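Engineer: Here is my input; please provide its structure:
(chains A, B, C, D, E, F, G, H, I, J, K, L, M, N and O, ligands or ions: 13)
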Amino acid sequence: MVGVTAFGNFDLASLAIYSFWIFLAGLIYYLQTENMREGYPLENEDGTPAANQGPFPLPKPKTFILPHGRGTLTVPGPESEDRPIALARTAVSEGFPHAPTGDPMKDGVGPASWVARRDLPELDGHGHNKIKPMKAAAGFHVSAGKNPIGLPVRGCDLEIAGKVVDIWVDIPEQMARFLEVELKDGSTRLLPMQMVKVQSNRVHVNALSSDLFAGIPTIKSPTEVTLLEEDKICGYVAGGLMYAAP
Amino acid sequence: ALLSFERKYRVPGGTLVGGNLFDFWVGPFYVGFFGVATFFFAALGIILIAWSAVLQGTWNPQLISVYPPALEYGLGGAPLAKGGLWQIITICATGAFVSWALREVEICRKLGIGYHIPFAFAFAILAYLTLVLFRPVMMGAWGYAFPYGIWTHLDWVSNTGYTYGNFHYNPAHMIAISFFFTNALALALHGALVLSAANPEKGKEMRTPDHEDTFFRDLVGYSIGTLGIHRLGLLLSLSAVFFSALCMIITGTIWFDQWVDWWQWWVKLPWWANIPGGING
Amino acid sequence: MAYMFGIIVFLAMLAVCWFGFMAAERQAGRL
Amino acid sequence: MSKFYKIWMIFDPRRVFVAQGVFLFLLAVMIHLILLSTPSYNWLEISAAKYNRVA
Amino acid sequence: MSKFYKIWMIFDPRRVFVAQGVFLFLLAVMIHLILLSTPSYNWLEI
Amino acid sequence: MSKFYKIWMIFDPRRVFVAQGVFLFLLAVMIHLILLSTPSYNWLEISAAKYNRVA
Amino acid sequence: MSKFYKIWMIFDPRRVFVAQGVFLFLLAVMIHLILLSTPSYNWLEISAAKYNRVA
Amino acid sequence: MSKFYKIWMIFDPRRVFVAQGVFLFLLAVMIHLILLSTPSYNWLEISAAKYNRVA
Amino acid sequence: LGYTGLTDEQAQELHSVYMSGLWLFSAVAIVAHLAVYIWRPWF
Amino acid sequence: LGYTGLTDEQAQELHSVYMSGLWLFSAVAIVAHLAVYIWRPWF
Amino acid sequence: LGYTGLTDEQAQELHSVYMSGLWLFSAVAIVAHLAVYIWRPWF
Amino acid sequence: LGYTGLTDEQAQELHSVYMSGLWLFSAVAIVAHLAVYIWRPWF
Amino acid sequence: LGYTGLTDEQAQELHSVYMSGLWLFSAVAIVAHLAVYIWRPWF
Amino acid sequence: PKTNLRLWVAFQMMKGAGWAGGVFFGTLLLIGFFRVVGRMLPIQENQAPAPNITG
Amino acid sequence: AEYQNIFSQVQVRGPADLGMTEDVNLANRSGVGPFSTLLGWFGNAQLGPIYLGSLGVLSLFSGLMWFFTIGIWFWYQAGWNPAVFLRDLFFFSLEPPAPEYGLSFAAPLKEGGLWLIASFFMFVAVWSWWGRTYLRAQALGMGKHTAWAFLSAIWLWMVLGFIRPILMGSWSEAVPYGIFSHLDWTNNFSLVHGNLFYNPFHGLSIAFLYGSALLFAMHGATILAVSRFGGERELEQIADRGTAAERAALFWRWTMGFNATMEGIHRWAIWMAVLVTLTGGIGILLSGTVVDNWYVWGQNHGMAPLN
Ligand SMILES: CCCCCCCCCCCCCC(=O)OC[C@H](COP(=O)(O)OCC(O)COP(=O)(O)OC[C@@H](COC(=O)CCCCCCCCCCCCC)OC(=O)CCCCCCCCCCCCC)OC(=O)CCCCCCCCCCCCC
Ligand code: BCL
Ligand SMILES: CC[C@H]1c2cc3[nH]c4c(c3C)C(=O)[C@H](C(=O)OC)c4c3nc(cc4[nH]c(cc(n2)[C@@H]1C)c(C(C)=O)c4C)[C@@H](C)[C@@H]3CCC(=O)OC/C=C(\C)CCC[C@H](C)CCC[C@H](C)CCCC(C)C
Ligand SMILES: CC[C@H]1c2cc3[nH]c4c(c3C)C(=O)[C@H](C(=O)OC)c4c3nc(cc4[nH]c(cc(n2)[C@@H]1C)c(C(C)=O)c4C)[C@@H](C)[C@@H]3CCC(=O)OC/C=C(\C)CCC[C@H](C)CCC[C@H](C)CCCC(C)C
Ligand SMILES: CCCCCCCCCCCCCCCC(=O)OC[C@H](CO[C@H]1O[C@H](CS(=O)(=O)O)[C@@H](O)[C@H](O)[C@H]1O)OC(=O)CCCCCCCCCCCCCCC
Ligand SMILES: COC(C)(C)CCC/C(C)=C/C=C/C(C)=C/C=C/C(C)=C/C=C/C=C(C)/C=C/C=C(\C)CC/C=C(\C)CCC=C(C)C
Ligand SMILES: COC(C)(C)CCC/C(C)=C/C=C/C(C)=C/C=C/C(C)=C/C=C/C=C(C)/C=C/C=C(\C)CC/C=C(\C)CCC=C(C)C
Ligand SMILES: COC(C)(C)CCC/C(C)=C/C=C/C(C)=C/C=C/C(C)=C/C=C/C=C(C)/C=C/C=C(\C)CC/C=C(\C)CCC=C(C)C
Ligand SMILES: COC(C)(C)CCC/C(C)=C/C=C/C(C)=C/C=C/C(C)=C/C=C/C=C(C)/C=C/C=C(\C)CC/C=C(\C)CCC=C(C)C
Ligand SMILES: COC(C)(C)CCC/C(C)=C/C=C/C(C)=C/C=C/C(C)=C/C=C/C=C(C)/C=C/C=C(\C)CC/C=C(\C)CCC=C(C)C
Ligand SMILES: COC(C)(C)CCC/C(C)=C/C=C/C(C)=C/C=C/C(C)=C/C=C/C=C(C)/C=C/C=C(\C)CC/C=C(\C)CCC=C(C)C
Ligand SMILES: COC(C)(C)CCC/C(C)=C/C=C/C(C)=C/C=C/C(C)=C/C=C\C=C(C)\C=C\C=C(/C)CC/C=C(\C)CCC=C(C)C
Ligand SMILES: [Fe+3]
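Structural biologist: Numbers count the residues shown, from 1 in each chain, chains lettered A, B, ... in the order given. Ligands and ions are numbered 1, 2, ... in the order given. Shown next is the protein structure:
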């Protein structure tokens, strides 16, 4: 087969490379349309369907079947915001920022944004509450690293906001997922574990000044946290990096 | 046009330079100060490549090649037709890549996410600057850099490698390859495992991360976990590029001979150098 | 002779820029 | 031509002037670098040959 | 002129002056480097 | 043969019309490139000889 | 012979028609390319010999 | 041919006119590049020879 | 209505217009082949 | 019709100042081309 | 019945449409082989 | 009917302008082919 | 318009401060160019 | 006073040019460090052949 | 400086976790192994349990025999001397049959017979591990993506050791078992075939290998950047999209003008990695069988300059 061409310089290695370019163009079209199952159709800033929807069409709907009886999800699908957004235009033209009309930390916009996730706990494979306070899962204990429970929690203003009273653990993943902080009114809040630094004598929360800890959205049950509650808490804390002023 | 969820995130601020002067979007693309800088350098570098194609006298994109100054020019300037265009395009590439990282830092600030992405990209920039800047400056000539050309930069890889024999014997090059192969293994596995849970057998419910843990423990007796795998994929990629840069910064600066001859230090350890038999006895 | 004719063309171009500029200023007074 | 002012009803001047600013600088820099690439028009070498400098 | 001052009602002068300082410095560096790359003007080759 | 029209009840006309359009273009472009690769059929080089256009 | 039709109750015709159509096209192309690369059956070279077209 | 206009009940004119514009441009560019690649038809070299602009 | 839910009358008309396109395209192709065969036979 | 929010008189205002800059910039450029052509003509 | 949810009568209809297409296609192939054999036998 | 939500009259309207474009473009392309064929026949 | 929130009088004042520095900076540059052109002319 | 406005514009520009100068000279010192280490190493003895055909 | 979530701050240890049952034949699953506090800083601490069963035993025994057959050849090449064995460990090599033997199984044990015996145990070990990777997914009701991904790596490995030697007509074309010797083979292969850089499928294979480091760096950094929103819990972000998935999508959309989803980025991931060894295997299968000098092939196909 060495040197054998059907025509021109077109040998069997030419046939291969040209066949691959056809396969690659087909695969890239498949990959991009798969990635249009969330967030499409595209919208104008007012919320109406944009006249330009781009070159790729929407894929045909697929249905995911959710475990533990929680129903089925079809994607793509009707995909409203399902909540108020406290933003106003800063320009009549498209493509400019929208400024917060009130307090963006509490209105939940920009880096403080949160999504209307399901107001139920995430479940493990057996169907237990995946995340629990560690006191509520008797075998668990801090097996290494500085145990934070009992440390004071310091804000970026360098003042003490509260103390750590429990760790909330991911049970199947066996990892620390939140610190529970007891404030100076004895009501608690959850802090995301990725937002805190467990120093030798303190927990430092670089996102929040010590006054902002009362604004952390509180959980409705003291023994579980819903996916909606997680998003509100995690969004609020991360919003502080932009919006916590000195 | 917006994603259906996008509007609530398009707030002002997070810009590092320029305030609101460039705090706007152009279609999907965020601009900002460094987006202006990025586009300028990108467009200039691309256009100087097309002009170099005119000077070279080819329009086949696979033959277009912008060579660095010859070794006679040292680290000084060269004529534009004879290495000076390469030098300006190298400035534009550096300006574009650095501006692109800094534009990513601004987008991280506006979305309130960690800085892991621009930090990871800075490793690629340092590997580039190792090959075009730091090592040529150590060796004393821009001509030790690689040419900007689709196939001609592979001639530079070949000619640079065979200057030291088989380049497989560079011990840091071996470590870099091990991370590159292991990263590609882990990306195949991670992609497949997540897809196998979200896309089970027909009619079954979506699997949980408990099934993901279970499959790999059943398969190999260990499971790094959802968080561990993303740490691993990041560090394997960054380690690969760190040891790649290391293998080249030593090549032609502290090591000059055939890399295969390096491994004799082990063979000639005096407690066994003279023992008869084997391959080296 | 494109030297001399070249000079003339450039001086002709500038007369159009003079027209257009004065025309812009003749607009710009809220005409 | 008397309605070309309506371009500012299509496009916001804050973006247009940024785009034009980069465009005009980019175009100018490429024409200078093209001429410096050309032996007939590289002014710094024309003066070196004129004044018997290093050429 | 007549109305060129209206540019300060389009673009925020505080931000423009900082951005113009960056431009003018880089332009100056660029031209010095163009000359340093040219043999008849490389003053640092003594 | 008469019921061939029921194919449009099996397959979506949009996906078929696109895929059939892509197919015929790549096929036609290949056959013209084969003939341009064939010296006895490259019409641009046949007529070059006929009219003595080269050297 | 007269009872094979139940095969369309086992296999989805859409997948079978896509799979068959791709298969038959690739087979046909493979055979023609084998013939074009065989000098005794390249019709473009047979005709160029017959009609003395090459010289 | 009485009913070809029904193609716009099938395909969205937005994507069709975009895809058709891109297709027609790339096809024209391909032909002009093929001609520029052909010595008997590179109109810039033809006129260079006819007016002895390189001789 | 199968797997696309066109009514049988939509299929019959869409086929009718498609087939008229197929004949029209292939008719031009037949003329192009006959022209090139008269010009330069490949058999 | 307006995508930018400028009223018609505002758009005429902005355009007439914009065109003043264009003609000014292009006048400066013609003098540069004239000087360069006097020094070293390209035709 | 079966796995596809196609009825027995639908399968039997579809089979006639497929098989007549198969016989049509293979008939043209037989003529194509016959002409090529008469032109240039491979045995 | 149809996938695009264009009504039949809207589809007839949009086709009539598309064909005005096609026939216009084709006429210019035809004249360009004649000119090159008169200048330099490829047959 | 009035995107920055400057008043027209504030803009007229600032533009003169800016323009005064522009002519000063360019005057210093001309002196530097004149010095270089005496020492090592480029034309 | 107008002088305070003169100095404020100067201060804004010196913020910009100061940062740009800090990156330029900071880069030049990083290049300087690699040049200093190049001088310490035996490279001029063992100087490698040129890897590019342009030399 | 803030916390980057690269190493854990606190470890918690619960009970041992036995994992999902589904249709797993639980008699074939071992006890749980010990916890590792070292691994717990970076990922999970728990070792084990592991599932064995029939394809497990077949694969582990054949894989042991492959490893043991090479080891004994290295001990023989060392002359049984434990010092020489450690001096020359990377220099030992079990070479395939010499070219004169072709594909015949008649080569002496020292001239290539042990390489065929070693290669047979490798064949059974790898292919039985593939079926094990398929069946472990089946027992849990999971998709077979991992088994079909592994088949792409087997394709390159089969081309290197089996298919191309058969198509070339000798076992001497196969790779030797040895650290430096498979590197010498890799270098010699490129020289014999006229610079493998000009093989276009080696070019593609490298593009996907670099792309895999590019894409896993992007994806790993993205998920850590949004991990403060629980973005590492990707299946719940697929089922119930949170702010983590939206911030991830808008970062890349605002950066480069397009973006993935939480499910769809793992399709980019699997294909970017799969295409490394798919295009690779083709590029090797063409080398010597269709092209014997890739640089000259490059010259005829407009990618190298003509002489
Ligand atoms: C060596 C191997 C390399 C190999 C290179 C790597 C190959 C492997 C990776 C493949 C990645 C595929 C990328 C993809 O999925 O694209 C579709 C997706 C869909 O986005 P969408 O949001 O759902 O829809 C589009 C639209 O709604 C977006 O909003 P809007 O309309 O308001 O603004 C438009 C955007 C950009 O859009 C476009 O440029 C037009 C559509 C481009 C489609 C590209 C693929 C199909 C056509 C390809 C042939 C088009 C031929 C004309 O924003 C702007 O336009 C603002 C101005 C900035 C952009 C200026 C661009 C100047 C022109 C430069 C040339 C661009 C050519 C595409 O995104 C886009 O359309 C925009 C993508 C922009 C970056 C693309 C970078 C990847 C390489 C180029 C495209 C892939 C083909 C190689
Ligand atoms: C002088 C050397 C030559 C050269 C010669 C070759 C040759 C020869 C080959 C490559 C191949 C590859 N080359 Mg090259 N290559 C050179 C230069 C380069 C450069 C460079 C910067 O210069 C780069 C980045 C590459 C990159 C690459 C990769 C893209 C590719 C291998 C993919 C892969 O995943 O393999 C690693 C993966 C595998 C080998 C698959 C393994 C799967 C099996 C099933 C695993 C079994 C495990 C076993 C049982 C052990 C189990 C232990 C457990 C603990 C139980 N080459 C030069 C030009 N290159 C390959 C290719 O595909 O070429 C197209 C190839 O064969
Ligand atoms: C460090 C680990 C890996 C890594 C990481 C990485 N790369 C990244 C990122 C990350 C985390 C980004 O955030 C960033 C990105 O946005 O990704 C989409 C990027 C990116 N990695 C890229 C490519 C890339 N990464 C590579 C490698 C890797 N990237 C590493 C292996 C490689 C190769 C060869 O190994 C390539 C080609 C881009 C897709 C993107 C950066 C885009 C960018 O800088 O955009 C601005 C600039 C332009 C649009 C064009 C500049 C044009 C120049 C001025 C002219 C051309 C000069 C050039 C030197 C010519 C070369 C010719 C070649 C033939 C030699
Ligand atoms: C798509 C391309 C990438 C790819 C993919 C890939 N590889 C894969 C997979 C995938 C998707 C798997 O599912 C599979 C796997 O299981 O991964 C965990 C595998 C795998 N990829 C592997 C390796 C590998 N992949 C590589 C590369 C690649 N893999 C590509 C980059 C490479 C190289 C060189 O680049 C290597 C070395 C393995 C980890 C695994 C296949 C395992 C296998 O087949 O093993 C056979 C051997 C054995 C089972 C046992 C060997 C001997 C042991 C010492 C056990 C002994 C036990 C005995 C009881 C002891 C008794 C002692 C007595 C003295 C008491
Ligand atoms: C108020 C401010 C006052 C400032 C006063 C003036 C200070 C001027 C001195 C600056 C000091 C530091 C200069 C660097 C070190 C040095 O001495 O170098 C001197 C050497 C000359 O070496 C020469 O000599 C070398 C030997 S030696 O070093 O002399 O021993 C030899 O190896 C080489 O070949 C030969 O060319 O030159 C360089 O190292 C080159 C500098 C390159 C900078 C521009 C790069 C453009 C090319 C493309 C790369 C783009 C990268 C883009 C990155 C963003
Ligand atoms: C490949 O080989 C070679 C390159 C050698 C040759 C072949 C290359 C090739 C195939 C070339 C093809 C070229 C083509 C397709 C060119 C097409 C050109 C066109 C269509 C140009 C159109 C220009 C239009 C312009 C400049 C319009 C400007 C409009 C203006 C200024 C006004 C805009 C309107 C308003 C302001 C009004 C707004 C209204 C309201 C109510 C607000
Ligand atoms: C009165 O109003 C004004 C006229 C001032 C403004 C009008 C309104 C307006 C907003 C105009 C906007 C114009 C724009 C957006 C212009 C943009 C111009 C650009 C992008 C210019 C870029 C120039 C880049 C240069 C000169 C780069 C030089 C780099 C050099 C010399 C290399 C060495 C430098 C360094 C190492 C430092 C920088 C870092 C790197 C990595 C290169
Ligand atoms: C490289 O080649 C070798 C050297 C290897 C030789 C062998 C190559 C080879 C194996 C070739 C095979 C060729 C084949 C299989 C060709 C097949 C061609 C076909 C099937 C062509 C079909 C054409 C159909 C056309 C053009 C139809 C157009 C229809 C139109 C425009 C109308 C569409 C209908 C409507 C608008 C109606 C819509 C209705 C409603 C109710 C809205
Ligand atoms: C190798 O290739 C070659 C380089 C040879 C290619 C050459 C061919 C080619 C593609 C050339 C292209 C050239 C082009 C497209 C040039 C176009 C230049 C333009 C459009 C220049 C425009 C200049 C406009 C200016 C300077 C405008 C200034 C405006 C000013 C100062 C006013 C700013 C605004 C205000 C003060 C606000 C006004 C009022 C209110 C109420 C806000
Ligand atoms: C290497 O191969 C060779 C180059 C040697 C051979 C290539 C052989 C080959 C495969 C050639 C292929 C040729 C083809 C497929 C040609 C196709 C040509 C076509 C389809 C041309 C169509 C042109 C259409 C035009 C210019 C349409 C214009 C439309 C306009 C102006 C706008 C109409 C729309 C409106 C006014 C909007 C109406 C809106 C409403 C709401 C009613
Ligand atoms: C590739 O091209 C080459 C590299 C070969 C050549 C470059 C070609 C090219 C495209 C060059 C382009 C150059 C341009 C467009 C330059 C533009 C420069 C401008 C617009 C400069 C304006 C400067 C304005 C200034 C400095 C204004 C300052 C105002 C101030 C500070 C306020 C008033 C205050 C004072 C007068 C007092 C200052 C205070 C103290 C304490 C002294
Ligand atoms: C401490 O001492 C002990 C003895 C206890 C242990 C010593 C352990 C030791 C030192 C092991 C050393 C192992 C080494 C260095 C292994 C190296 C392996 C490498 C680098 C392999 C590289 C590539 C291998 C490939 C591509 C193999 C492919 C094989 C295939 C596809 C199988 C094909 C099958 C055949 C040719 C056999 C056909 C036979 C029949 C009967 C049909
Ligand atoms: Fe992931």
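
Engineer: Going by C-alpha atoms from here, please, whenever you check contacts or count neighbours.
Structural biologist: Fine.

Engineer: from the stretch 1-150 of chain B, which residue is nearest to chain K?
Structural biologist: Taking C-alpha to the nearest C-alpha, chain K has its nearest neighbour within the stretch 1-150 of chain B at residue B:4, 36.9 Å off.

Engineer: no no, chain O
Structural biologist: The nearest approach of chain O to chain K comes at residue O:141, 20.1 Å away (C-alpha to the nearest C-alpha).

Engineer: ditto for chain C
Structural biologist: Closest point on chain C to chain K, by C-alpha to the nearest C-alpha, is residue C:2, at 69.6 Å.

Engineer: who are the neighbours in contact with that residue?
Structural biologist: By C-alpha atoms under 8 Å, 6 or more residues apart in numbering or on different chains, the contact set of residue C:2 is residue J:43.

Engineer: Residue O:13 too?
Structural biologist: Contacts of residue O:13 by C-alpha under 8 Å, 6+ apart are A:139-143, A:174-175.

Engineer: Next, format the residues you listed as TSV and append secondary structure and distance to ligand 2.
Structural biologist: Shown next, in TSV, are these (DSSP: H, G, I helix; E, B strand; the rest coil; distance: C-alpha to the nearest ligand atom, whole Å):
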residue	secondary structure	distance to ligand 2
A:139	coil	34
A:140	coil	33
A:141	strand	33
A:142	strand	32
A:143	strand	30
A:174	coil	27
A:175	strand	28
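
Engineer: Roughly how far does the residue nearest the centre of chain B sit from residue B:115?
Structural biologist: In chain B, the residue lying closest to the centroid (C-alpha atoms, centre = their mean) is residue B:124, at 3.4 Å. In this view, residue B:124 and residue B:115 are 15 Å apart by C-alpha to C-alpha, to the nearest Å.

Engineer: Please apply the same query to residue B:81.
Structural biologist: Taking C-alpha to C-alpha, one finds residue B:81 at 41 Å from residue B:115.

Engineer: Please tell me how far the residue of chain C closest to chain K sits from chain A.
Structural biologist: 49 Å (C-alpha to the nearest C-alpha, to the nearest Å).

Engineer: Can you report phi and psi for that residue?
Structural biologist: Recorded main-chain torsions at residue C:2 are phi -60, psi -10, according to degrees, to the nearest 10.

Engineer: interface residues of chain A facing chain D?
Structural biologist: When proximity is defined as C-alpha under 8 Å from any C-alpha of the partner chain, chain A approaches chain D at residue A:93.

Engineer: got the residue ranges for the helices in chain A?
Structural biologist: A:12-34, A:104-107, A:227-243 (DSSP state H).

Engineer: near chain G, anything from the longest one?
Structural biologist: Right, the one you point to is helix A:12-34. No. Using C-alpha under 8 Å from any C-alpha, helix A:12-34 never reaches chain G; the gap is at least 9.4 Å.

Engineer: can you count the residues close to residue 48?
Structural biologist: Let's take chain A. Residues within reach of residue A:48, counting by other C-alpha atoms under 10 Å in any protein chain shown, total 12.

Engineer: that's the other chain; I wanted chain O
Structural biologist: By the measure other C-alpha under 10 Å, the count of residues near residue O:48 is 25.

Engineer: Identify the residues contacting it.
Structural biologist: B:217-218, B:221-222, O:30-34.

Engineer: How about residue B:212?
Structural biologist: By C-alpha under 8 Å, 6+ apart, the contact set of residue B:212 is B:193-194, B:197.

Engineer: same thing with residue B:125?
Structural biologist: Residues in contact with residue B:125 (C-alpha under 8 Å, 6+ apart) are B:94, B:97-98.

Engineer: Show the buried residues in these.
Structural biologist: Burial by neighbour count, judged by 16 or more other C-alpha atoms under 10 Å in any protein chain shown, picks out B:94, B:97-98 from the contacts of residue B:125.

Engineer: From chain N, how far off is the closest residue to residue O:22 other than its chain neighbours?
Structural biologist: With sequence-adjacent residues excluded and distances taken as C-alpha to C-alpha, 6 or more residues apart in numbering or on different chains, residue O:22 is closest to residue O:140, at 5.4 Å. Going from residue O:140 to chain N by C-alpha to the nearest C-alpha gives 55 Å.

Engineer: Residue O:37 too?
Structural biologist: Going from residue O:37 to chain N by C-alpha to the nearest C-alpha gives 41 Å.

Engineer: Pretty sure that residue sits against residue O:45.
Structural biologist: Yes. Here residue O:37 reaches residue O:45: they are 5.9 Å apart, a contact under C-alpha atoms under 8 Å.

Engineer: Could you save the contacts of residue O:48 as JSON lines and add columns showing secondary structure and neighbour count?
Structural biologist: Converted to JSON lines, the contacts of residue O:48 look like this (DSSP: H, G, I helix; E, B strand; the rest coil; neighbours: other C-alpha atoms under 10 Å in any protein chain shown):
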{"residue": "B:217", "secondary structure": "helix", "neighbour count": "23"}
{"residue": "B:218", "secondary structure": "helix", "neighbour count": "25"}
{"residue": "B:221", "secondary structure": "coil", "neighbour count": "21"}
{"residue": "B:222", "secondary structure": "strand", "neighbour count": "20"}
{"residue": "O:30", "secondary structure": "coil", "neighbour count": "15"}
{"residue": "O:31", "secondary structure": "coil", "neighbour count": "13"}
{"residue": "O:32", "secondary structure": "coil", "neighbour count": "16"}
{"residue": "O:33", "secondary structure": "coil", "neighbour count": "14"}
{"residue": "O:34", "secondary structure": "coil", "neighbour count": "12"}
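
Engineer: Name the nearest residue to residue 6, ignoring sequence neighbours.
Structural biologist: No chain in the question, so chain A it is. residue G:37 (4.0 Å).

Engineer: not quite, I wanted chain N
Structural biologist: Spatial nearest neighbour of residue N:6, chain neighbours left out: residue M:17 (5.9 Å); criterion: C-alpha to C-alpha, 6+ apart.

Engineer: from what I can see the one you found touches residue N:5, true?
Structural biologist: Yes. In this structure, residue M:17 is within contact of residue N:5 by C-alpha under 8 Å, at 7.2 Å.

Engineer: next one: phi and psi at the one residue in the stretch 51-200 of chain B that gets nearest to ligand 8?
Structural biologist: Scanning the stretch 51-200 of chain B for the residue nearest ligand 8 gives residue B:60, at 24.8 Å (criterion: C-alpha to the nearest ligand atom). Dihedral pair for residue B:60: phi -70, psi 120, per degrees, to the nearest 10.

Engineer: cool, the one 3 residues further on as well?
Structural biologist: Dihedral pair for residue B:63: phi -100, psi -20, per degrees, to the nearest 10.

Engineer: Then residue O:287?
Structural biologist: The phi/psi pair for residue O:287 (degrees, to the nearest 10) is phi -80, psi 120.

Engineer: Pull the number of nearby residues for it.
Structural biologist: With other C-alpha under 10 Å as criterion, residue O:287 counts 23.

Engineer: now swap in residue O:82 and tell me
Structural biologist: 10.

Engineer: what does residue B:47 give?
Structural biologist: 16.

Engineer: Could you do residue D:3 as well?
Structural biologist: Other residues close to residue D:3 by other C-alpha under 10 Å number 7.

Engineer: Repeat that for the one 4 residues further on.
Structural biologist: Residue D:7: 16 surrounding residues under other C-alpha under 10 Å.

Engineer: In a strand, it, correct?
Structural biologist: No. Secondary structure of residue D:7 (DSSP: H, G, I helix; E, B strand; the rest coil): helix, not part of a strand.

Engineer: on that earlier part again, what about the residue of the stretch 1-150 of chain B closest to chain K, which SS state?
Structural biologist: When classified by three-state DSSP, residue B:4 comes out as coil.

Engineer: How many residues are close by it?
Structural biologist: Neighbours around residue B:4, by other C-alpha under 10 Å: 21.

Engineer: Nearest residue to it in space, please, no chain neighbours.
Structural biologist: Excluding its sequence neighbours, the residue lying closest to residue B:4 (C-alpha to C-alpha, 6+ apart) is residue A:39, at 5.0 Å.

Engineer: contacting residues for residue O:147?
Structural biologist: By C-alpha under 8 Å, 6+ apart, the neighbours of residue O:147 are O:130-131, O:133-134.
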